[PDB]
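**Student:** Here it is, the structure, as structure tokens.
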Amino acid sequence: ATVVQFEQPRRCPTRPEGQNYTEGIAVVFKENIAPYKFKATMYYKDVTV
Amino acid sequence: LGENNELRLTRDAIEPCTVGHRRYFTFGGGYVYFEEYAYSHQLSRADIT
Ligand SMILES: *[C@@H]1O[C@H](CO)[C@@H](O[C@@H]2O[C@H](CO)[C@@H](O)[C@H](O)[C@H]2NC(C)=O)[C@H](O)[C@H]1NC(C)=O
């Protein structure tokens with residue numbers, strides 16, 4: 001009357017193929033907060049009485 | 001028919017006929033069912049716990 005069976009093998013997950021990476025050289029720039037700086041010369045005369 | 005879908009060539013598998021005979025045998029991707037040494041019917045895997 002009562003009859004059972006063994007379970008058969010299963011499909012195991014495939015190992016994912018994986019990511020591909022591009023080799024490159026990179027230079028990262030940011031916002032400039034430094035003021036523009038340039039040298040100048042002042043000419044004036046102090047006066048007093 | 002041997003075990004696990006094997007095809008045996010020598011029919012030396014006999015037995016004294018008995019009342020109450022009732023057997024399942026692995027056949028194809030399923031089973032075959034004989035009652036009293038008479039072909040009852042094939043039966044796929046899903047219908048056995
Ligand atoms: C990175 O390159 C490999 C090269 O083999 C890709 O391999 C692919 O794998 C997928 C499975 O998702 C197949 O559909 C493609 O036919 C394969 N391509 C080749 C050329 O083999 C891999 O998929 C690539 N990266 C990603 C994220 O898929």
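Ordered as shown in the structure tokens, chains take letters A, B, and onward, while each chain numbers its residues from 1 and ligands are numbered from 1 in the order shown.
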As a PyMOL selection string, could you give me every residue of chain A near chain B (at most 12 Å apart, counting only C-alpha atoms)?

**Tutor:** chain A and resi 1-8

**Student:** Please save N, CA, C and O atoms of the selected residues as a tab-separated table (two decimals), in the first residue's frame.

**Tutor:**
chain	number	residue	atom	x	y	z
A	1	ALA	N	0.82	-1.21	0.00
A	1	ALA	CA	0.00	0.00	0.00
A	1	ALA	C	0.86	1.26	0.00
A	1	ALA	O	0.79	2.07	-0.93
A	2	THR	N	1.66	1.44	1.05
A	2	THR	CA	2.50	2.63	1.20
A	2	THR	C	3.83	2.40	0.49
A	2	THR	O	4.53	1.42	0.77
A	3	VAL	N	4.17	3.31	-0.42
A	3	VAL	CA	5.34	3.17	-1.28
A	3	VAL	C	5.92	4.57	-1.51
A	3	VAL	O	5.21	5.47	-1.96
A	4	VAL	N	7.21	4.73	-1.21
A	4	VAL	CA	7.92	5.99	-1.36
A	4	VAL	C	9.17	5.75	-2.20
A	4	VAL	O	9.54	4.61	-2.48
A	5	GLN	N	9.82	6.85	-2.58
A	5	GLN	CA	10.98	6.80	-3.47
A	5	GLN	C	12.01	7.83	-3.02
A	5	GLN	O	11.70	8.78	-2.29
A	6	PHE	N	13.24	7.64	-3.48
A	6	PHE	CA	14.32	8.58	-3.18
A	6	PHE	C	14.31	9.75	-4.15
A	6	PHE	O	14.02	9.58	-5.34
A	7	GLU	N	14.63	10.93	-3.65
A	7	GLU	CA	14.72	12.10	-4.51
A	7	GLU	C	15.98	12.02	-5.36
A	7	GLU	O	17.02	11.53	-4.92
A	8	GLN	N	15.88	12.50	-6.59
A	8	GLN	CA	16.98	12.45	-7.55
A	8	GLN	C	17.85	13.69	-7.44
A	8	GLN	O	17.47	14.67	-6.80

**Student:** Mind the document's chain letters and residue numbers, and return as a PyMOL selection string the residues of stretch 15-48 of chain B that DSSP labels strand (DSSP E or B).

**Tutor:** chain B and resi 22-27+30-35+38-44

**Student:** Output N, CA, C and O atoms for every residue in that selection, as an mmCIF file, in the first residue's frame.

**Tutor:**
data_model
loop_
_atom_site.group_PDB
_atom_site.id
_atom_site.type_symbol
_atom_site.label_atom_id
_atom_site.label_comp_id
_atom_site.auth_asym_id
_atom_site.auth_seq_id
_atom_site.Cartn_x
_atom_site.Cartn_y
_atom_site.Cartn_z
ATOM 1 N N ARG B 22 3.254 -7.883 -7.049
ATOM 2 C CA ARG B 22 2.936 -6.481 -7.303
ATOM 3 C C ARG B 22 4.256 -5.720 -7.262
ATOM 4 O O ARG B 22 4.867 -5.605 -6.196
ATOM 5 N N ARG B 23 4.708 -5.236 -8.419
ATOM 6 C CA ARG B 23 6.044 -4.667 -8.524
ATOM 7 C C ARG B 23 6.052 -3.427 -9.403
ATOM 8 O O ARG B 23 5.315 -3.344 -10.392
ATOM 9 N N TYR B 24 6.903 -2.470 -9.027
ATOM 10 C CA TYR B 24 7.284 -1.333 -9.854
ATOM 11 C C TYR B 24 8.736 -1.495 -10.287
ATOM 12 O O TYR B 24 9.586 -1.904 -9.490
ATOM 13 N N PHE B 25 9.027 -1.148 -11.541
ATOM 14 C CA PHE B 25 10.382 -1.216 -12.074
ATOM 15 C C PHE B 25 10.726 0.097 -12.762
ATOM 16 O O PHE B 25 9.890 0.676 -13.456
ATOM 17 N N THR B 26 11.960 0.563 -12.574
ATOM 18 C CA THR B 26 12.393 1.789 -13.239
ATOM 19 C C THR B 26 12.410 1.589 -14.750
ATOM 20 O O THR B 26 13.055 0.667 -15.260
ATOM 21 N N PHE B 27 11.696 2.455 -15.467
ATOM 22 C CA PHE B 27 11.571 2.348 -16.916
ATOM 23 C C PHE B 27 11.548 3.743 -17.520
ATOM 24 O O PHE B 27 10.680 4.552 -17.179
ATOM 25 N N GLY B 30 10.719 7.077 -15.717
ATOM 26 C CA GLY B 30 9.658 6.791 -14.774
ATOM 27 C C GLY B 30 9.633 5.351 -14.308
ATOM 28 O O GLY B 30 10.682 4.762 -14.026
ATOM 29 N N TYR B 31 8.437 4.771 -14.232
ATOM 30 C CA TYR B 31 8.248 3.429 -13.703
ATOM 31 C C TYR B 31 7.283 2.654 -14.588
ATOM 32 O O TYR B 31 6.574 3.219 -15.423
ATOM 33 N N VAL B 32 7.271 1.341 -14.384
ATOM 34 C CA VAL B 32 6.297 0.437 -14.976
ATOM 35 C C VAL B 32 5.761 -0.444 -13.857
ATOM 36 O O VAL B 32 6.505 -0.835 -12.949
ATOM 37 N N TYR B 33 4.463 -0.727 -13.899
ATOM 38 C CA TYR B 33 3.765 -1.386 -12.803
ATOM 39 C C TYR B 33 3.147 -2.682 -13.308
ATOM 40 O O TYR B 33 2.387 -2.673 -14.290
ATOM 41 N N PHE B 34 3.482 -3.785 -12.634
ATOM 42 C CA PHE B 34 2.961 -5.114 -12.921
ATOM 43 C C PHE B 34 2.238 -5.641 -11.691
ATOM 44 O O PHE B 34 2.754 -5.538 -10.572
ATOM 45 N N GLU B 35 1.054 -6.212 -11.898
ATOM 46 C CA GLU B 35 0.285 -6.843 -10.831
ATOM 47 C C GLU B 35 0.011 -8.287 -11.226
ATOM 48 O O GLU B 35 -0.577 -8.541 -12.284
ATOM 49 N N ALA B 38 1.384 -9.481 -14.534
ATOM 50 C CA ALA B 38 0.647 -8.972 -15.681
ATOM 51 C C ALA B 38 0.920 -7.484 -15.814
ATOM 52 O O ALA B 38 0.865 -6.752 -14.820
ATOM 53 N N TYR B 39 1.222 -7.041 -17.035
ATOM 54 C CA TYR B 39 1.470 -5.625 -17.277
ATOM 55 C C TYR B 39 0.259 -4.799 -16.872
ATOM 56 O O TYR B 39 -0.772 -4.830 -17.551
ATOM 57 N N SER B 40 0.368 -4.062 -15.769
ATOM 58 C CA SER B 40 -0.677 -3.097 -15.438
ATOM 59 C C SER B 40 -0.505 -1.835 -16.279
ATOM 60 O O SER B 40 -1.249 -1.619 -17.241
ATOM 61 N N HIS B 41 0.496 -1.012 -15.958
ATOM 62 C CA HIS B 41 0.622 0.251 -16.683
ATOM 63 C C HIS B 41 1.903 0.966 -16.282
ATOM 64 O O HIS B 41 2.389 0.806 -15.161
ATOM 65 N N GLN B 42 2.423 1.777 -17.203
ATOM 66 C CA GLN B 42 3.516 2.681 -16.878
ATOM 67 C C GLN B 42 3.015 3.807 -15.975
ATOM 68 O O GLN B 42 1.816 4.085 -15.890
ATOM 69 N N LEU B 43 3.956 4.467 -15.300
ATOM 70 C CA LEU B 43 3.595 5.439 -14.269
ATOM 71 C C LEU B 43 4.770 6.377 -14.045
ATOM 72 O O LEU B 43 5.855 5.925 -13.666
ATOM 73 N N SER B 44 4.559 7.675 -14.261
ATOM 74 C CA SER B 44 5.654 8.631 -14.186
ATOM 75 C C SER B 44 5.955 9.005 -12.734
ATOM 76 O O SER B 44 5.203 8.686 -11.810
#

**Student:** Using only C-alpha atoms and all ligand atoms, which residues have at least one atom no more than 6 Å from ligand 1? Output them as number ranges by chain.

**Tutor:** A: 17-20

**Student:** To one decimal place, how far is atom CA of residue A:11 from atom CA of residue B:2 in Å?

**Tutor:** 26.4 Å

**Student:** So how far away is atom CA of residue A:9 from atom CA of residue B:28, in Å?

**Tutor:** 16.3 Å
